[PDB]
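J.: Pasting a structure here, questions to come.
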Amino acid sequence: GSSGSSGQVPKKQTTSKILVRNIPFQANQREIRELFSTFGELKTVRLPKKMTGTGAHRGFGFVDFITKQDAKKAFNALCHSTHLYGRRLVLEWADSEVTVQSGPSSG
């Protein structure tokens, strides 16, 4: 039960960030990159890389789209049901933190 529907007035542009979790140890950057790219142009595909220490590639990936639409169609296109290497991936919209700025936007 995770209901986080709150925050100041809604902004014209909605947070377009597809965070794929529960990723198999077999999945790699390129794997996800295309996996989503096929649906549309991806801003940037970020994935965890094995680093000196325990655990190589965690089960979480960040996927950014060019436009909200492509992100919506893709997010759902997969979210519905995505099986990779015998694993049901979990697509969720990365939760952002509410930060109120002080100075205006000159320009």
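By order in the structure tokens, chains are A, B, ...; within a chain, residues start at 1; ligands start at 1, following the order shown.
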Tell me, which residues of chain A carry DSSP strand (DSSP E or B), written as a PDB file with N, CA, C and O atoms, in the first residue's frame?

T.:
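Full text of out14.pdb as output:
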ATOM      1  N   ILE A  18      10.807   6.813 -16.052  1.00  0.00           N
ATOM      2  CA  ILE A  18      10.465   5.402 -15.933  1.00  0.00           C
ATOM      3  C   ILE A  18      11.558   4.630 -15.200  1.00  0.00           C
ATOM      4  O   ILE A  18      12.649   4.423 -15.732  1.00  0.00           O
ATOM      5  N   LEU A  19      11.256   4.205 -13.978  1.00  0.00           N
ATOM      6  CA  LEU A  19      12.211   3.455 -13.172  1.00  0.00           C
ATOM      7  C   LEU A  19      11.841   1.975 -13.124  1.00  0.00           C
ATOM      8  O   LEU A  19      10.916   1.580 -12.413  1.00  0.00           O
ATOM      9  N   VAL A  20      12.570   1.163 -13.883  1.00  0.00           N
ATOM     10  CA  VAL A  20      12.319  -0.273 -13.924  1.00  0.00           C
ATOM     11  C   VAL A  20      13.044  -0.991 -12.792  1.00  0.00           C
ATOM     12  O   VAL A  20      14.271  -0.937 -12.695  1.00  0.00           O
ATOM     13  N   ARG A  21      12.279  -1.662 -11.937  1.00  0.00           N
ATOM     14  CA  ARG A  21      12.849  -2.390 -10.811  1.00  0.00           C
ATOM     15  C   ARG A  21      12.687  -3.896 -10.998  1.00  0.00           C
ATOM     16  O   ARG A  21      12.054  -4.347 -11.952  1.00  0.00           O
ATOM     17  N   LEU A  42      14.879   7.471 -26.308  1.00  0.00           N
ATOM     18  CA  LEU A  42      15.144   7.555 -24.876  1.00  0.00           C
ATOM     19  C   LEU A  42      16.190   8.625 -24.578  1.00  0.00           C
ATOM     20  O   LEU A  42      17.269   8.636 -25.171  1.00  0.00           O
ATOM     21  N   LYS A  43      15.864   9.523 -23.654  1.00  0.00           N
ATOM     22  CA  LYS A  43      16.776  10.596 -23.275  1.00  0.00           C
ATOM     23  C   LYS A  43      18.124  10.034 -22.834  1.00  0.00           C
ATOM     24  O   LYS A  43      19.172  10.441 -23.336  1.00  0.00           O
ATOM     25  N   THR A  44      18.089   9.094 -21.894  1.00  0.00           N
ATOM     26  CA  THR A  44      19.308   8.476 -21.386  1.00  0.00           C
ATOM     27  C   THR A  44      18.989   7.263 -20.520  1.00  0.00           C
ATOM     28  O   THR A  44      18.165   7.338 -19.609  1.00  0.00           O
ATOM     29  N   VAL A  45      19.648   6.146 -20.808  1.00  0.00           N
ATOM     30  CA  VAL A  45      19.436   4.917 -20.053  1.00  0.00           C
ATOM     31  C   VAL A  45      20.550   4.698 -19.035  1.00  0.00           C
ATOM     32  O   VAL A  45      21.692   4.417 -19.400  1.00  0.00           O
ATOM     33  N   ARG A  46      20.210   4.828 -17.758  1.00  0.00           N
ATOM     34  CA  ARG A  46      21.182   4.646 -16.686  1.00  0.00           C
ATOM     35  C   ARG A  46      21.003   3.287 -16.015  1.00  0.00           C
ATOM     36  O   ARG A  46      19.888   2.898 -15.664  1.00  0.00           O
ATOM     37  N   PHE A  60      17.568  -2.508 -10.445  1.00  0.00           N
ATOM     38  CA  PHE A  60      16.929  -1.212 -10.642  1.00  0.00           C
ATOM     39  C   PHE A  60      17.554  -0.470 -11.820  1.00  0.00           C
ATOM     40  O   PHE A  60      18.774  -0.444 -11.973  1.00  0.00           O
ATOM     41  N   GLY A  61      16.708   0.131 -12.650  1.00  0.00           N
ATOM     42  CA  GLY A  61      17.195   0.865 -13.804  1.00  0.00           C
ATOM     43  C   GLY A  61      16.390   2.120 -14.075  1.00  0.00           C
ATOM     44  O   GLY A  61      15.177   2.146 -13.866  1.00  0.00           O
ATOM     45  N   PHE A  62      17.066   3.165 -14.540  1.00  0.00           N
ATOM     46  CA  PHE A  62      16.407   4.431 -14.837  1.00  0.00           C
ATOM     47  C   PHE A  62      16.316   4.657 -16.344  1.00  0.00           C
ATOM     48  O   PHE A  62      17.319   4.581 -17.056  1.00  0.00           O
ATOM     49  N   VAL A  63      15.109   4.936 -16.824  1.00  0.00           N
ATOM     50  CA  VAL A  63      14.887   5.173 -18.245  1.00  0.00           C
ATOM     51  C   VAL A  63      14.159   6.493 -18.475  1.00  0.00           C
ATOM     52  O   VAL A  63      13.061   6.705 -17.961  1.00  0.00           O
ATOM     53  N   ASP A  64      14.777   7.376 -19.250  1.00  0.00           N
ATOM     54  CA  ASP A  64      14.187   8.676 -19.550  1.00  0.00           C
ATOM     55  C   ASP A  64      13.780   8.762 -21.017  1.00  0.00           C
ATOM     56  O   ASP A  64      14.514   8.326 -21.903  1.00  0.00           O
ATOM     57  N   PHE A  65      12.603   9.326 -21.267  1.00  0.00           N
ATOM     58  CA  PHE A  65      12.096   9.468 -22.627  1.00  0.00           C
ATOM     59  C   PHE A  65      12.195  10.917 -23.096  1.00  0.00           C
ATOM     60  O   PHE A  65      12.372  11.831 -22.290  1.00  0.00           O
ATOM     61  N   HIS A  83       8.107  -9.721 -18.978  1.00  0.00           N
ATOM     62  CA  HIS A  83       8.883 -10.847 -18.472  1.00  0.00           C
ATOM     63  C   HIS A  83      10.255 -10.903 -19.137  1.00  0.00           C
ATOM     64  O   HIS A  83      10.360 -11.018 -20.359  1.00  0.00           O
ATOM     65  N   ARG A  88       9.342 -11.078 -13.755  1.00  0.00           N
ATOM     66  CA  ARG A  88       8.342 -10.054 -14.035  1.00  0.00           C
ATOM     67  C   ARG A  88       8.826  -8.681 -13.575  1.00  0.00           C
ATOM     68  O   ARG A  88       8.743  -8.346 -12.393  1.00  0.00           O
ATOM     69  N   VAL A  90       9.111  -4.735 -12.778  1.00  0.00           N
ATOM     70  CA  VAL A  90       8.153  -3.831 -12.153  1.00  0.00           C
ATOM     71  C   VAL A  90       8.423  -2.384 -12.549  1.00  0.00           C
ATOM     72  O   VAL A  90       9.387  -1.772 -12.085  1.00  0.00           O
ATOM     73  N   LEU A  91       7.568  -1.841 -13.408  1.00  0.00           N
ATOM     74  CA  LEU A  91       7.714  -0.464 -13.867  1.00  0.00           C
ATOM     75  C   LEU A  91       6.995   0.501 -12.928  1.00  0.00           C
ATOM     76  O   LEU A  91       5.809   0.337 -12.644  1.00  0.00           O
ATOM     77  N   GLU A  92       7.721   1.509 -12.455  1.00  0.00           N
ATOM     78  CA  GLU A  92       7.151   2.501 -11.550  1.00  0.00           C
ATOM     79  C   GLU A  92       7.744   3.882 -11.815  1.00  0.00           C
ATOM     80  O   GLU A  92       8.906   4.007 -12.203  1.00  0.00           O
ATOM     81  N   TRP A  93       6.937   4.916 -11.603  1.00  0.00           N
ATOM     82  CA  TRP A  93       7.382   6.288 -11.818  1.00  0.00           C
ATOM     83  C   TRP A  93       8.230   6.776 -10.650  1.00  0.00           C
ATOM     84  O   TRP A  93       7.724   6.983  -9.547  1.00  0.00           O
TER      85      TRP A  93
END

J.: Could you name the residues that touch residue 68 in chain A at 9 Å or less, counting only C-alpha atoms, but leaving out those on the same chain fewer than 5 positions away, as a PyMOL selection string?

T.: chain A and resi 13-17+73

J.: Mind giving me the straight-line distance from CA of residue 52 in chain A to CA of residue 85 in chain A in Å, one decimal?

T.: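 Going from CA of residue 52 in chain A over to CA of residue 85 in chain A, I get 25.6 Å.
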
J.: Identify, with DSSP run on backbone atoms, the residues in range 1-102 of chain A assigned to helix (DSSP H, G or I), and express the list as an MDAnalysis selection string.

T.: chainID A and resid 29:37 68:79

J.: Please compute the CA of residue 69 in chain A-CA of residue 28 in chain A distance, one decimal, in Å.

T.: 24.9 Å

J.: Calculated over only C-alpha atoms, which of the candidates A:66, A:9, A:98, A:23 has the smallest distance to residue 37 in chain A?

T.: A:66

J.: Can you measure CA of residue 1 in chain A to CA of residue 26 in chain A for me? One decimal in Å is fine.

T.: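 Going from CA of residue 1 in chain A over to CA of residue 26 in chain A covers 29.2 Å.
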
J.: Given the choices A:7, A:105, A:24, A:12, which gets closest to residue 86 in chain A if the distance is worked out from only C-alpha atoms?

T.: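 With only C-alpha atoms as the atom set, the closest residue is A:24.
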
J.: Find, counting only C-alpha atoms, the residue in A:87, A:57, A:72, A:80 that gets nearest to residue 39 in chain A.

T.: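 Smallest distance to residue 39 in chain A is found for A:72.
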